[PDB]
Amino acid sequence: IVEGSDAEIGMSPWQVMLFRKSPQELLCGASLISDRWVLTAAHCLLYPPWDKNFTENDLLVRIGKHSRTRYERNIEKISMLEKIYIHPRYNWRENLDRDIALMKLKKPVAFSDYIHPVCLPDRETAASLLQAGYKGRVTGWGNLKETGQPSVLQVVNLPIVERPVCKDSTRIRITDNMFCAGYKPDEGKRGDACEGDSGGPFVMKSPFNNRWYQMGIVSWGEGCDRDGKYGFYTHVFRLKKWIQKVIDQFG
């Protein structure tokens, strides 16, 4: 996260770290959606241009974390993957369309003060909140700058951007399964996701029921916090049918 701030303790209890076993390193962010299911970006698990194709056994999920590097004894829980599910129409060749993946955990994780699932939006939630100018929140342990690493989880609040503005900022073909967020040059305020924040949640707090919903998944950008560029997010509600199908079949 570029131009964010240190998270408060328990501020993002659904935040998940995807951790590579060997070499031991941060792979991506992710989110907890129930006691056995974790959501992330497909490109965290499968991206042939970079020779990325992880299997279950290559990764661990670490839940309830704050410190990036510390083993948070008595606070974090480390879980093993039972199965990975990548959207079958994930477009890694072109534009990261449908950049979404689910991971089923071997055992349920116990909820705590630091570990708790985020809600997924329904149609009404999406319609009311996914509006230009409405702000959401993005969190992760990714780079602090484009071209280093935070000691603790970082947070930044960013406004959703009008679709014509998103399209005009980029040469990538934008789809309905994506939205963009970030401040414009004239707005003065800054912030963006960066390398290692991928797969992390973009969340909004409903003013109707005061619950946090995951509206987006950190998907792609062009640099980090560059003037005139925006961060792009997987549109969670647009893919909820696939999410539900997977959970209904395999849960």
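For every residue, the number given is its place in the sequence shown, counted from 1.
Gap between residue 147 and residue 148: 4 to 9 deposited residues without coordinates. Mean CA B-factor, 22-30 versus 210-218: the higher value falls on 22-30. Legend: mean Cα B-factor per stretch from the PDB entry, 103-111 versus 152-160; the higher mean is in 103-111. Taking only the listed residues 185, 182, 199, 64, the entry reports the highest CA temperature factor at 185. Looking at 131, 139, 177, 169, the one whose CA carries the top B-factor in the deposited record is 131. Among all modelled residues in this chain, the alpha-carbon of residue 59 has a temperature factor (C-alpha) in the highest third. In this PDB entry, residue 118 carries a Cα temperature factor that places it within the lowest third of its chain's modelled residues. Per-chain ranking of the deposited C-alpha B factor places residue 98 in the lowest third. In the deposited entry, the Cα temperature factor of residue 240 sits in the top third of values across the chain's modelled residues. Compared with the other modelled residues of the chain, the Cα B-factor recorded for residue 173 ranks in the middle third.
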